[PDB]
Each structure stands twice: as structure tokens, then as C-alpha cells.
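FYI, it's all coordinate maths here, none of it is from the lab. Cβ: placed from backbone, ideal geometry, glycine included. Neighbour counts: every protein chain shown.
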Amino acid sequence: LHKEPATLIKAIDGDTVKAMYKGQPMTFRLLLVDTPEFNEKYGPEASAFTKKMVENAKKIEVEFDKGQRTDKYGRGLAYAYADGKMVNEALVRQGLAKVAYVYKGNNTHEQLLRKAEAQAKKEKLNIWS
Ligand SMILES: Cc1cn([C@H]2C[C@H](OP(=O)(O)O)[C@@H](COP(=O)(O)O)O2)c(=O)[nH]c1=O
Ligand SMILES: [Ca+2]
């Protein structure tokens, strides 16, 4: 896979970010994760975590997988990076998202993320407390 440029437009919630990609706005839904909805427990915490990460980065990048690049709602499906650090991984490592939506053919970073989740569970962080 490869990283491509994007420019932050707005953080939306724990696992969706609006960003300019190839000069057009699009809403990105993070691959392989599920944060709680804002109205749910740890939702506001997941939202704030992703928001800080993307807003504080000098750059953000998006990385598509090998399969579907957009979902049925028109959202881009990608791994997002904030100054080289993957947001998807970071959310899972902090127990603010579960590994989820792991579809065959779009799951390059599955094992990286499961390893994060196991570490978060060990430490009983957030969702795992
Ligand atoms: C993460 C992901 C979500 N989706 C779809 C499946 C779910 O459809 P349903 O809306 O019909 O439940 C929805 C989950 O997104 P959210 O967690 O943002 O609600 O997005 C994909 O199709 N591919 C993906 O890789
Ligand atoms: Ca969600």
C-alpha cells in the first residue's frame, strides 16, 4: 500500500474525518475499526482523541487498501496517518475502538490492529475496562 496526501477539513467523530483528497472534499471512514457513536459510552472520548490527532498533525495522509475504496454511503475507506502515525492503530491501542468490519480483500493491516487490541485489552483501557 502507499500513502497519499490529504488535507484536513474537519474531524467528525472517532472514526470519520472530512479531508480534501485530490482536491475534492470527502468523508473518510477509517478501515478495520469501530469507535462508539458520540452518544454512546467512550464516544466523546474517541471523537476527541481522533480530533486532537488529526488537528495537531503537520500533515495527514490517507492510504487505501487493495479492495473497495468507497463504501455504500460514498465515504472513502482508508488508513489515516497523522505525521506518519496511523490513527486507526492508535484508536485501537488506546481501547477507543474495536477491530471491526474486517472484510476479506481490504484487510492489509488486520494483524497490526489485532495486536494493538490485545494490548489494550490486557491493560483494561477504556472500552476494555
Ligand atoms: C468500516 C466499513 C464500514 N462499512 C459500512 C458497513 C456498515 O453498513 P451499515 O450502515 O448498513 O450498518 C457501516 C458501518 O459504519 P459506521 O460504523 O460508521 O456506522 O459502514 C463498509 O461497507 N466497509 C467498511 O470497510
Ligand atoms: Ca462507529
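What the table shows:
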item	result
Folded to 0 to 90 degrees: helix 43-56 orientation relative to the chain principal axis, Cα	50 degrees
Normalised contact order of the chain, rounded percent, pairs of Cα under 8 Å and 6 or more residues apart	25 percent
Beta bridge orientation in the chain: antiparallel %, DSSP, nearest 5	90 percent
Links that overshoot a 20 Å alpha carbon limit, given the list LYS22/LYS58; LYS10/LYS59; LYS41/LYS115; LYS59/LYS85	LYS41/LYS115
Amide proton proximity set for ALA97, modelled H, under 5 Å, gap of 5+	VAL92
Principal axis dimensions, largest first and in whole angstrom, of the chain by Cα	41, 30, 27
Förster radius 35 Å - calculated FRET efficiency between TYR103 and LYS52, Cβ distance, rounded to 0.05	0.75
Nitroxide proxy distance, nm - points 7 Å out along Cα→Cβ at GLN24 and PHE38	2.6 nm
Under 5 Å, built H, 5+ apart or other chain: amide partners of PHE28	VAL17, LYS18, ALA19, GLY76
Gyration tensor verdict on the stretch 1-62 (Cα atoms; rounded if a/c is under 1.5, prolate if a/b is larger than b/c, oblate otherwise)	prolate
